[PDB]
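> Mind looking over this structure? Questions follow.
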Amino acid sequence: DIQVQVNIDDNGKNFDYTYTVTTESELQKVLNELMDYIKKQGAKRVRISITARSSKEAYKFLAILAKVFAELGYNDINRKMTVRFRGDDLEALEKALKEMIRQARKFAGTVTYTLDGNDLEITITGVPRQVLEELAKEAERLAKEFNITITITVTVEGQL
């Protein structure tokens, strides 16, 4: 139902906790576990993605994420979202890519994208939470339009 990768790097200590929480009641638990950990041991660098399937879900998740890093006292924050489109007609896939990169760049946004046979990935950097959210509605209406599969991972790394 919902993917979670998490990375702590410390030089000498590293960790790649990787989850699938299905309820998302779960999700708060595991987020919570992690935090009690860093309050203790204290990490140098953390990164956390949470994968979604809906524009609405995307909203929840960076918010949830924001709360986390915020509680963590991590102000040197670094966002990112990687939209994933899936569909057989490679035409409409591209049509989406164009339109998607457009809007990402209508703001100060830097994209990378890869298309590897009917799977098109589009990463997106250098924007506020406010943009990402608005860029994800756009991701979702695009999916709906040409009836392609969408996914929206919401990364957010941060050091301190």
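Just so we're on the same page: first chain in the structure tokens is A, next is B, and so on; residues restart at 1 for each chain, and ligands are numbered from 1 in the order they show up.
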Would you list the contacts of residue 88 (chain A) as an mmCIF file with N, CA, C and O atoms, in the first residue's frame, taking every protein, DNA or RNA residue within 12 Å and counting only C-alpha atoms, but skipping same-chain residues closer than 2 positions in sequence?

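Final output, out.cif:
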```
data_model
loop_
_atom_site.group_PDB
_atom_site.id
_atom_site.type_symbol
_atom_site.label_atom_id
_atom_site.label_comp_id
_atom_site.auth_asym_id
_atom_site.auth_seq_id
_atom_site.Cartn_x
_atom_site.Cartn_y
_atom_site.Cartn_z
ATOM 1 N N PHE A 85 5.215 7.586 -14.060
ATOM 2 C CA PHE A 85 4.087 7.310 -14.948
ATOM 3 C C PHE A 85 4.283 5.976 -15.635
ATOM 4 O O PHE A 85 5.401 5.665 -16.058
ATOM 5 N N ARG A 86 3.187 5.222 -15.775
ATOM 6 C CA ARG A 86 3.189 3.907 -16.426
ATOM 7 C C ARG A 86 2.016 3.724 -17.399
ATOM 8 O O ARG A 86 0.862 3.998 -17.055
ATOM 9 N N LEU A 90 3.252 4.833 -25.769
ATOM 10 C CA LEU A 90 4.418 5.633 -25.443
ATOM 11 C C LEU A 90 4.245 7.090 -25.872
ATOM 12 O O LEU A 90 4.985 7.964 -25.420
ATOM 13 N N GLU A 91 3.269 7.342 -26.740
ATOM 14 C CA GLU A 91 2.918 8.702 -27.155
ATOM 15 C C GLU A 91 2.493 9.566 -25.974
ATOM 16 O O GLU A 91 3.126 10.578 -25.651
ATOM 17 N N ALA A 92 1.395 9.149 -25.351
ATOM 18 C CA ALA A 92 0.773 9.892 -24.274
ATOM 19 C C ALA A 92 1.705 10.015 -23.089
ATOM 20 O O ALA A 92 1.629 10.976 -22.333
ATOM 21 N N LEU A 93 2.572 9.026 -22.930
ATOM 22 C CA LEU A 93 3.641 9.071 -21.938
ATOM 23 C C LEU A 93 4.518 10.301 -22.101
ATOM 24 O O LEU A 93 4.843 10.993 -21.133
ATOM 25 N N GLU A 94 4.924 10.548 -23.340
ATOM 26 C CA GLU A 94 5.778 11.680 -23.622
ATOM 27 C C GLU A 94 5.000 12.960 -23.464
ATOM 28 O O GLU A 94 5.414 13.842 -22.707
ATOM 29 N N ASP A 116 12.326 4.520 -19.853
ATOM 30 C CA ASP A 116 12.882 3.211 -20.131
ATOM 31 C C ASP A 116 11.792 2.212 -20.436
ATOM 32 O O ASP A 116 11.438 1.421 -19.572
ATOM 33 N N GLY A 117 11.301 2.232 -21.672
ATOM 34 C CA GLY A 117 10.190 1.402 -22.090
ATOM 35 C C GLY A 117 8.980 1.522 -21.184
ATOM 36 O O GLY A 117 8.987 1.102 -20.030
ATOM 37 N N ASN A 118 7.923 2.096 -21.728
ATOM 38 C CA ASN A 118 6.680 2.383 -20.997
ATOM 39 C C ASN A 118 6.683 2.627 -19.456
ATOM 40 O O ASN A 118 5.634 2.557 -18.801
ATOM 41 N N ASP A 119 7.862 2.947 -18.911
ATOM 42 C CA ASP A 119 8.014 3.517 -17.569
ATOM 43 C C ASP A 119 8.787 4.823 -17.651
ATOM 44 O O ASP A 119 9.960 4.820 -18.013
ATOM 45 N N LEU A 120 8.149 5.932 -17.291
ATOM 46 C CA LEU A 120 8.788 7.250 -17.368
ATOM 47 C C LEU A 120 8.970 7.852 -15.992
ATOM 48 O O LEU A 120 8.003 8.120 -15.315
ATOM 49 N N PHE A 146 -4.812 10.980 -19.707
ATOM 50 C CA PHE A 146 -4.385 9.959 -20.666
ATOM 51 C C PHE A 146 -4.473 8.550 -20.102
ATOM 52 O O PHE A 146 -3.967 7.606 -20.716
ATOM 53 N N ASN A 147 -5.098 8.424 -18.931
ATOM 54 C CA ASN A 147 -5.308 7.139 -18.257
ATOM 55 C C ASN A 147 -4.066 6.277 -18.087
ATOM 56 O O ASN A 147 -4.078 5.079 -18.393
ATOM 57 N N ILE A 148 -3.005 6.903 -17.589
ATOM 58 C CA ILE A 148 -1.755 6.213 -17.322
ATOM 59 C C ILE A 148 -1.594 6.014 -15.815
ATOM 60 O O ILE A 148 -2.203 6.723 -15.032
ATOM 61 N N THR A 149 -0.787 5.036 -15.416
ATOM 62 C CA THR A 149 -0.518 4.789 -14.004
ATOM 63 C C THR A 149 0.429 5.846 -13.473
ATOM 64 O O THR A 149 1.405 6.186 -14.122
#
```
> Taking only residues of region 60-158 of chain A that have an atom at most 10 Å from an atom of region 1-22 of chain A, what is each one's shortest atom pair and its distance in Å to one decimal, using only C-alpha atoms, in chain and number order, as a Markdown table?

```
| residue | atom | partner | partner_atom | distance |
| --- | --- | --- | --- | --- |
| A:153 | CA | A:3 | CA | 8.6 |
| A:154 | CA | A:4 | CA | 9.9 |
| A:155 | CA | A:5 | CA | 9.1 |
| A:156 | CA | A:6 | CA | 9.9 |
| A:157 | CA | A:7 | CA | 8.7 |
```
> Give me a file of those residues, with C-alpha atoms, as a PDB file, in the first residue's frame.

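This went into result.pdb:
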```pdb
ATOM      1  CA  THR A 153       7.498   9.558  -4.136  1.00  0.00           C
ATOM      2  CA  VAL A 154       8.197  12.441  -1.796  1.00  0.00           C
ATOM      3  CA  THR A 155      11.839  12.479  -0.783  1.00  0.00           C
ATOM      4  CA  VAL A 156      13.187  14.877   1.848  1.00  0.00           C
ATOM      5  CA  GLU A 157      16.767  14.686   3.052  1.00  0.00           C
TER       6      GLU A 157
END
```
> Please return as a VMD selection string: the residues of region 35-116 of chain A that backbone DSSP assigns to strand (DSSP E).
chain A and resid 45 to 52 76 to 86 110 to 115
> Write out, as a compact mmCIF listing (two decimals), in the first residue's frame, the residues just selected, with N, CA and C atoms.

```
# COMPACT_ATOMS: atom_id res chain seq x y z
N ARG A 45 23.23 12.74 8.98
CA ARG A 45 22.39 12.90 7.80
C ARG A 45 21.25 11.88 7.73
N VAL A 46 20.06 12.35 7.38
CA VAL A 46 18.88 11.53 7.25
C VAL A 46 18.22 11.81 5.92
N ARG A 47 17.61 10.81 5.32
CA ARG A 47 16.81 11.04 4.13
C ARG A 47 15.61 10.10 4.21
N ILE A 48 14.45 10.52 3.74
CA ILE A 48 13.28 9.66 3.87
C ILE A 48 12.37 9.82 2.70
N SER A 49 12.12 8.77 1.95
CA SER A 49 11.08 8.89 0.95
C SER A 49 9.83 8.13 1.39
N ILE A 50 8.68 8.57 0.91
CA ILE A 50 7.44 7.87 1.14
C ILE A 50 6.69 7.92 -0.17
N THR A 51 6.36 6.75 -0.68
CA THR A 51 5.76 6.66 -2.00
C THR A 51 4.25 6.69 -1.87
N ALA A 52 3.57 7.28 -2.85
CA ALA A 52 2.12 7.48 -2.82
C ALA A 52 1.49 7.03 -4.13
N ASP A 76 18.19 22.51 7.94
CA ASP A 76 18.89 22.46 6.66
C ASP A 76 18.19 21.40 5.82
N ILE A 77 17.02 21.74 5.31
CA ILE A 77 16.09 20.77 4.73
C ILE A 77 16.17 20.79 3.21
N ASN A 78 15.85 19.66 2.57
CA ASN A 78 16.11 19.46 1.14
C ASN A 78 15.06 18.57 0.50
N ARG A 79 14.12 19.17 -0.22
CA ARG A 79 12.99 18.42 -0.75
C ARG A 79 13.24 17.96 -2.17
N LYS A 80 12.24 17.27 -2.72
CA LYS A 80 12.40 16.46 -3.92
C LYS A 80 11.12 15.66 -4.13
N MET A 81 10.66 15.51 -5.36
CA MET A 81 9.62 14.53 -5.61
C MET A 81 9.78 13.87 -6.97
N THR A 82 9.65 12.55 -6.98
CA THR A 82 9.89 11.77 -8.19
C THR A 82 8.61 11.13 -8.66
N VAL A 83 7.99 11.73 -9.67
CA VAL A 83 6.75 11.21 -10.21
C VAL A 83 7.01 10.06 -11.17
N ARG A 84 6.23 8.98 -11.06
CA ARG A 84 6.38 7.84 -11.94
C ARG A 84 5.11 7.53 -12.73
N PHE A 85 5.22 7.59 -14.06
CA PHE A 85 4.09 7.31 -14.95
C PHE A 85 4.28 5.98 -15.64
N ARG A 86 3.19 5.22 -15.77
CA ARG A 86 3.19 3.91 -16.43
C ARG A 86 2.02 3.72 -17.40
N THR A 110 14.22 22.22 -11.17
CA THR A 110 15.11 21.43 -12.00
C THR A 110 14.73 19.96 -12.05
N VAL A 111 14.46 19.51 -13.27
CA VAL A 111 14.09 18.14 -13.46
C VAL A 111 15.23 17.28 -14.03
N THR A 112 15.13 15.99 -13.74
CA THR A 112 15.81 14.97 -14.51
C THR A 112 14.66 14.08 -14.86
N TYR A 113 14.77 13.37 -15.97
CA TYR A 113 13.79 12.34 -16.29
C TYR A 113 14.44 11.18 -17.02
N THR A 114 13.89 9.98 -16.85
CA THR A 114 14.33 8.84 -17.65
C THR A 114 13.11 8.16 -18.20
N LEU A 115 13.15 7.78 -19.48
CA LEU A 115 12.12 6.90 -20.04
C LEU A 115 12.75 5.61 -20.49
```
> A:54, A:28, A:123, A:41: which is nearest residue 143 (chain A), counting only C-alpha atoms?
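Nearest candidate to residue 143 (chain A) out of A:54, A:28, A:123, A:41: A:54.
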> Just checking: using only C-alpha atoms, which residue out of A:38, A:65, A:96, A:101 ends up closest to residue 140 (chain A)?
A:96
> Between CA of residue 33 (chain A) and CA of residue 64 (chain A), what is the spacing in Å?
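If I compute the distance from CA of residue 64 (chain A) to CA of residue 33 (chain A), I get 14.4 Å.
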> What is the CA of residue 99 (chain A)-CA of residue 121 (chain A) distance in Å, reported with one decimal?
13.7 Å
> Report the distance between CA of residue 104 (chain A) and CA of residue 131 (chain A) in Å, rounded to one decimal place.
8.5 Å
> Give me every alpha helix (DSSP H) residue in region 35-155 of chain A, going by DSSP on the backbone, as a PyMOL selection string.
chain A and resi 35-40+55-71+90-105+129-146
